[PDB]
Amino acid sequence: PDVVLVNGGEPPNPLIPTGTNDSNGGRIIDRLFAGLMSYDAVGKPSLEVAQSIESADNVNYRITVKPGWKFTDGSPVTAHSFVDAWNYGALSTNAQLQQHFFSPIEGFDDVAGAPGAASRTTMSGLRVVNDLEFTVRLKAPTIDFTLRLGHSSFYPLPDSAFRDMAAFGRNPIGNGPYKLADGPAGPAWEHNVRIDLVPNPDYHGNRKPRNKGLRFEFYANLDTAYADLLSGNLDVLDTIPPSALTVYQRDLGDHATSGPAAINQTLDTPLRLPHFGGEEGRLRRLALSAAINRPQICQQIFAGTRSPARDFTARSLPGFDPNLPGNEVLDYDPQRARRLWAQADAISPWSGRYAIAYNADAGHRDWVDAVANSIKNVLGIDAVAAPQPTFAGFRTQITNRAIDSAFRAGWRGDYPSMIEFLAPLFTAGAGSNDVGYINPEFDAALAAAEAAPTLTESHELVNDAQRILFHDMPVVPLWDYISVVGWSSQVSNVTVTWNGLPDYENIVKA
């Protein structure tokens, strides 16, 4: 094939930027759209669709849009294309999973779940000035507002989207480096099989493709994907299966690269489950954390390709500190785990089964089995693994709250900001808060970190806020990632970005 073959998975949700909170949809959406900023392979933003983004105070922003941009339907990209998409994302009626990213904008409280004017459908802080200029007024200084403007939640949408957003989500129309193929034998998106993309000839931004297209192959099994990589039937595999972690170097040589990536893994136990709410639940989550031996699993299960968590973010992010006071809650300590679990039993004695659900399509079986066995042996409870076949179905059950057990989760960074690893997961109203954790003192601490005038102060305030997380253990942080990516002999110029993904636009195929 002339296009670059890479791994992916079926998106759990339609291809609407503000409706996409997961990496399977995200890796597609990021090929199809271009935002005000684009990110390079280290996560630094540069002006893309914006001609300028000006703020002297982290509160008031003036955004000018470059003229001449268009969507692949021929329609122009204007200030409205942004403002209408952002208002769509923010308005609670539209139930967009990325709503949280709009929270600092004045008027968000009117349109989101907050006290305010419930007839209002748009945010007062977002104001069109002319066809190619708009202003943003935030409720408070927000140190990572500029940085987040490369993120998918802020992508522009064509006017036609709003007339029928369900139709748009099945057949999205964007302005970015690729577009969906009009392939020769069936639809570009073959659900549960693959998505085909081709270069967008209209596009003249910072991410111009160096290849003739991309095919995301939705593997049911990472061993199948590794076999395909070794035979040349797959060009880039961004996740080596556990079975291959001790042999990929022999198999691939200089065609595999490893490095820290801003991705983590957690064990999530909804607060709505039996025995896992209130103070009882807090004590049991602390006990689970003490019942897991992260160095041992990282060494043996992952062959050193994960690093034990020391906080709720990821080692490679700016301001990370692996020696925060109170992080001893993330050390293995069986006697402590039993004491905490017994303290929980003083409130209500445990009964039943502790099951850890996971998506089997991404290589989690070995670690989940190991964690369940550790919990069983340390605490003396019936702890088991509970596999589901696909990420899409698994996330759907998490989102609609049908899931009836604990489950694995984890975050791949969208931009390199510790706050971005915390606010979307642990603030009270966030769409990716999968467990129902609510602590207004934590939300206020994050707001204080956002209001800091300098990055150094902000980082130290984020780390202060993480003390609340050490106390509440909203989820159990496990490890962060050492990404290992392999590629075939038919491609070159493969760079792995700061968050573990291939730099797709820059892959070359002879």
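Residue numbers run from 1 along the displayed sequence.
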Quick note on 486-494 and 11-19: per-entry mean CA temperature factor is higher in 486-494
So 314-322 or 91-99, which one's hotter by mean CA B-factor in the entry?
-> 314-322
Tell me, please, which of 81, 152, 175, 119 has the highest C-alpha B factor according to the deposited entry?
-> 119
Name the residue from 77, 371, 402, 392 with the greatest C-alpha temperature factor listed in the entry.
-> 402
Thinking about Cα B factors across the chain, which third does residue 265 belong to?
-> lowest
Looking at the C-alpha B-factor of residue 360, is it in the lowest, middle or highest third of its chain?
-> middle
Considering only modelled residues of the same chain, in which third does the CA B-factor of residue 55 rank: lowest, middle or highest?
-> middle
Within this chain's modelled residues, let me know which third the CA B factor of residue 453 belongs to: lowest, middle or highest.
-> highest
Cα B factor band for residue 444 (lowest, middle or highest third within the chain) | highest
